[PDB]
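S.K.: based on what follows, work out the 3D shape:
(4 chains, ligands or ions: 4)
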4 protein chains.
Amino acid sequence: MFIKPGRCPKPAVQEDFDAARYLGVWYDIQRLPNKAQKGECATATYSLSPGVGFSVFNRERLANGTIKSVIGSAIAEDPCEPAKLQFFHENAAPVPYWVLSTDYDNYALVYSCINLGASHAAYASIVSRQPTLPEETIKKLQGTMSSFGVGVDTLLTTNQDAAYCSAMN
Amino acid sequence: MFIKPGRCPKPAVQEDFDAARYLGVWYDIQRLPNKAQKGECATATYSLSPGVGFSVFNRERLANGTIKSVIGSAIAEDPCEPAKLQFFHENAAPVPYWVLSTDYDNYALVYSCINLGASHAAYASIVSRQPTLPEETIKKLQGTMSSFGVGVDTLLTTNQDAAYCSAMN
Amino acid sequence: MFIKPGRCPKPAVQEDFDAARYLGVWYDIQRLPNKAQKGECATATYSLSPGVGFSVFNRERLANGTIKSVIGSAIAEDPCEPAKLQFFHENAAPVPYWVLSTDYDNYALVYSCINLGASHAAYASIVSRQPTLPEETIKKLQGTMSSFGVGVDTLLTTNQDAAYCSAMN
Amino acid sequence: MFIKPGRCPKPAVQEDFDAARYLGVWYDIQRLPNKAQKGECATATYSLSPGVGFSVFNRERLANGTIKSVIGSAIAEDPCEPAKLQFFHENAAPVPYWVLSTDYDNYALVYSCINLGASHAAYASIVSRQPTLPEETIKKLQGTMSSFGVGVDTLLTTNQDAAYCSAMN
Ligand SMILES: C=CC1=C(C)/C(=C/c2[nH]c(/C=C3N=C(/C=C4\NC(=O)C(C)=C4C=C)C(C)=C\3CCC(=O)O)c(CCC(=O)O)c2C)NC1=O
Ligand SMILES: C=CC1=C(C)/C(=C/c2[nH]c(/C=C3N=C(/C=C4\NC(=O)C(C)=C4C=C)C(C)=C\3CCC(=O)O)c(CCC(=O)O)c2C)NC1=O
Ligand SMILES: C=CC1=C(C)/C(=C/c2[nH]c(/C=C3N=C(/C=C4\NC(=O)C(C)=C4C=C)C(C)=C\3CCC(=O)O)c(CCC(=O)O)c2C)NC1=O
Ligand SMILES: C=CC1=C(C)/C(=C/c2[nH]c(/C=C3N=C(/C=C4\NC(=O)C(C)=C4C=C)C(C)=C\3CCC(=O)O)c(CCC(=O)O)c2C)NC1=O
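M.R.: Numbering: from 1, shown residues only, chains lettered A, B, ... in the order given. Ligands and ions are numbered 1, 2, ... in the order given. See below for the structure:
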């Protein structure tokens, strides 16, 4: 997680968020530097859960070529705020996951923040239904992040090159 | 839940709790009065989840023969305390679910408490792998409950009569 | 607190809440039935704290003339939401305290809610800088309460009779 | 805060913790690297609160000679665990504060940890009633920290030199 001064911001989340349309495969396009993702080519796959919420399967390609994956569960603890989820990953304490913006069919912007006294730790990802996302969309989503304090100059661009990411089966 | 004086107790939980062995069908035998269950013949079915934790399917037989069911997800938010679960039901805020005692194949004692200032609200249930449980076991588990202040005078016996509950299957 | 169906509502809180102006003495005028206050003539006194937040001293007149008092501390855990406080009373778990509406010099409407699964427990109080409050103000504040589902049928009127409450001073 | 892999540990805390004997001045002797303390000569002063808990006044000498201070409130949210406090500092989100070990008259060992998914952020301090602490005591307290995972090789020694710290009025 990206540790910075100041308490967590509280950005607005996707109005009328429909988890049913959010399921499926999302490709990581840009992200803040964090501790969890040590590689490239990252995807998140969200699938139906027989309980509440949905289930999570994230995969990425490490620099050595190994595919690393993690499973988790996603739950909206307050059903009146379906876009404010809590993610429970194997071997991890709970972390928030807020869908800030999505059209379900092309892009989403997701954000997570944990307070650390007078500082905070945040995740943030622009994701796409395809390995790429149009630059106009990326710029708009960067606009949203800057509005609530995210230094978009620290954003990392995720490698989704078809050849490099062919290790992703 | 109904309200009793005092903050929540912190009873001991099942040592080395094994959620895989806890899965399957459990019959409600006795419980504290609460608002959630308005019927009889109650069962809880716990099943594999593709994410973390396990999935929840509770069923009961309402008085006009309807079978009311609720879905949920169960997660141990601290993996080092696997008997202290959080249950997320559709249309409910999160609630604790602590497995205080179980031999997995016959009985379990489950406890849930939420603080209300200087008072608290609790659920507590004796459950069985069969629609009945031996009086000796019931009495021992009531002893456990009384050791952290649960008045056994308040426990309701659930109707598990075979004829009455036949529509459950 | 006593239990009502539904999860907690999230009513709007006093904009630009100024805790310095909120300090001093407040008289209980009307409130939801609860377990905490068993007496009449109730007042809350809020005072400067050398740390953060402010200090709490509640007093009431018990039926056998005893003046029961409780001490506490009030803290706005998120400084950006100063009207959403947490109250820490001696011998109580933390409880929310939301200033929904106040003009500081005449009236305030305070609300506290804790989720109990699909149900909730709430406190709600109309308070005044005087032992009485005009009927017009009381009626407006009941309107606010009814807008987030508080049944005004349930509100108790607090005894603030001057003769009866004389031992308060 | 010191950000490291793994979830927070849960060390044992001081049995029978008596906040009344913990009040007064404590000198920082050794600490984990963190973001809050940017200087040396640090002291914490704990004083009586008219509410619950106690009030907090921390001071340190920056490298430029300026004295920097912060005020806060300390509260045991669960009165049955008086050694597990929550500290509310001005401009800061709440952070835990656990008194692991103290004899009140000479030393204390304090610990704070916040989970960050599969990682965590921790504070830890050895403090003394005097600007120094005997090496035998320091080694014992380092022994306690290593037992629950704290790499005592990362500990910083706080400058409490009488000349350098004379800026502390
Ligand atoms: C912004 C929200 C966000 C949250 C809440 C988050 C939490 C999070 N992601 C994790 C792993 C992971 N997270 C991802 C990828 C993603 N994870 C996502 O939420 C998204 C959108 C992607 C991109 C598709 C991968 C691939 C892993 C496994 C990393 C590995 O084990 O090598 C872990 C486990 C920590 C670990 O094992 O080291 C946590 C707690 N990561 C985030 O980016
Ligand atoms: C002791 C712990 C305990 C907890 C934490 C609990 C929580 C709980 N049970 C619920 C429903 C329910 N709970 C049950 C039955 C059970 N539920 C159980 O945890 C067990 C062991 C049984 C019995 C085998 C049933 C049948 C319902 C559906 C009731 C209804 O709304 O019609 C709900 C509301 C779901 C909703 O309608 O939104 C909650 C919050 N009940 C408990 O008894
Ligand atoms: C509406 C919000 C509200 C909250 C959050 C609340 C919480 C609350 N009030 C308490 C006591 C008390 N609360 C009051 C009176 C008041 N308390 C107030 O917040 C107000 C506005 C008044 C009236 C002016 C009194 C007199 C006591 C002591 C009651 C007793 O235990 O004898 C306690 C228990 C303290 C203890 O004995 O351990 C709690 C948890 N009461 C409320 O009414
Ligand atoms: C191990 C527990 C521990 C906790 C929970 C902790 C929290 C904490 N300490 C802070 C400041 C501070 N904390 C201290 C010193 C101390 N603070 C202490 O808890 C102790 C024992 C000392 C030593 C006497 C000082 C001097 C400051 C002010 C730093 C500054 O503003 O320059 C802040 C405010 C953050 C900021 O303004 O940047 C927090 C949240 N620090 C800790 O060391």
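
S.K.: where along chain A do the strands fall?
M.R.: Assigned by DSSP state E, chain A shows strands spanning A:2-5, A:24-31, A:40-48, A:54-61, A:67-75, A:84-89, A:95-102, A:107-116, A:119-128, A:156-157.

S.K.: now the ones you listed in JSON lines, with mean neighbour count and distance to ligand 1?
M.R.: Any C-beta I mention is one placed from the backbone N, CA and C, and that applies to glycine too. Conversion of those to JSON lines gives the following (neighbours: other C-beta atoms under 10 Å in any protein chain shown; distance: least, C-beta to the nearest ligand atom, whole Å):
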{"stretch": "strand A:2-5", "mean neighbour count": "15", "distance to ligand 1": "10"}
{"stretch": "strand A:24-31", "mean neighbour count": "20", "distance to ligand 1": "4"}
{"stretch": "strand A:40-48", "mean neighbour count": "19", "distance to ligand 1": "3"}
{"stretch": "strand A:54-61", "mean neighbour count": "21", "distance to ligand 1": "3"}
{"stretch": "strand A:67-75", "mean neighbour count": "19", "distance to ligand 1": "3"}
{"stretch": "strand A:84-89", "mean neighbour count": "22", "distance to ligand 1": "4"}
{"stretch": "strand A:95-102", "mean neighbour count": "20", "distance to ligand 1": "4"}
{"stretch": "strand A:107-116", "mean neighbour count": "22", "distance to ligand 1": "4"}
{"stretch": "strand A:119-128", "mean neighbour count": "23", "distance to ligand 1": "3"}
{"stretch": "strand A:156-157", "mean neighbour count": "12", "distance to ligand 1": "11"}
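
S.K.: which among the ones you listed is found nearest to residue B:73?
M.R.: Among the strands of chain A, the nearest to residue B:73 by C-beta to C-beta is strand A:67-75 (6.1 Å).

S.K.: so the closest one versus strand A:84-89, what angle?
M.R.: 140 degrees (axes from the mean of the first three to the mean of the last three C-alpha atoms, to 10 degrees).

S.K.: enumerate the residues of chain A near ligand 4.
M.R.: When proximity is defined by C-beta under 6 Å from any ligand atom, chain A lies next to ligand 4 at A:117, A:118.

S.K.: re the thing from before, would you turn the strands of chain A into CSV with distance to residue D:163?
M.R.: Shown next, in CSV, are the strands of chain A (distance: least, C-beta to C-beta, whole Å):
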stretch, distance to residue D:163
strand A:2-5, 32
strand A:24-31, 49
strand A:40-48, 54
strand A:54-61, 54
strand A:67-75, 53
strand A:84-89, 51
strand A:95-102, 47
strand A:107-116, 34
strand A:119-128, 32
strand A:156-157, 47
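
S.K.: in chain A, what residue lies closest to ligand 3?
M.R.: residue A:78 (20.4 Å; C-beta to the nearest ligand atom).

S.K.: which bits of chain A sit near chain B?
M.R.: Selection of chain A residues close to chain B by C-beta under 8 Å from any C-beta of the partner chain yields A:47, A:49-57, A:71-75, A:77-79, A:88-91, A:93-94.

S.K.: mind redoing it with 7 Å?
M.R.: A:47, A:49-53, A:55-56, A:71-73, A:75, A:77, A:79, A:88, A:90-91, A:94 (C-beta under 7 Å from any C-beta of the partner chain).

S.K.: where is the longest helix in chain A?
M.R.: helix A:135-147 (DSSP state H).

S.K.: for that helix, packing partners?
M.R.: Packing partners of helix A:135-147 (3 or more C-beta pairs under 7 Å, 6 or more residues apart in numbering or on different chains; DSSP states H and E): strand A:95-102, strand A:107-116, strand A:119-128.

S.K.: export those strands to JSON lines and tack on distance to residue A:147?
M.R.: Formatted as JSON lines, the helices and strands packed on helix A:135-147 follow (distance: least, C-beta to C-beta, whole Å):
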{"stretch": "strand A:95-102", "distance to residue A:147": "10"}
{"stretch": "strand A:107-116", "distance to residue A:147": "11"}
{"stretch": "strand A:119-128", "distance to residue A:147": "12"}
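
S.K.: ok, which of those strands comes nearest residue B:13?
M.R.: strand A:95-102 (24.4 Å).

S.K.: how far is that closest one from where the chain is centred?
M.R.: Computed by C-alpha atoms, centre = their mean, to the nearest Å, the chain-centroid distance of strand A:95-102 equals 7 Å.

S.K.: and the angle from it to helix A:135-147?
M.R.: Going by the same axes, to 10 degrees, strand A:95-102 makes 130 degrees with helix A:135-147.

S.K.: tell me what strand A:95-102 is packed against?
M.R.: Using 3+ C-beta pairs under 7 Å, 6+ apart, strand A:95-102 is in contact with strand A:84-89, strand A:107-116, helix A:135-147.

S.K.: I'd like the ones you listed laid out as TSV, including distance to ligand 3.
M.R.: Formatted as TSV, those follow (distance: least, C-beta to the nearest ligand atom, whole Å):
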stretch	distance to ligand 3
strand A:84-89	24
strand A:107-116	23
helix A:135-147	35
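
S.K.: dump the ones you listed to a markdown table, plus distance to residue B:12.
M.R.: Shown next, in a markdown table, are the helices and strands packed on strand A:95-102 (distance: least, C-beta to C-beta, whole Å):
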| stretch | distance to residue B:12 |
| --- | --- |
| strand A:84-89 | 25 |
| strand A:107-116 | 31 |
| helix A:135-147 | 47 |
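
S.K.: hmm, back to that, quick one: closest of the strands of chain A to residue D:65.
M.R.: Judging those by C-beta to C-beta, what sits closest to residue D:65 is strand A:2-5, at 22.6 Å.

S.K.: paired strands for that closest one, with orientation please.
M.R.: strand A:119-128 (antiparallel) (DSSP bridges).

S.K.: got the angle between the strand it pairs with and strand A:107-116?
M.R.: 170 degrees.
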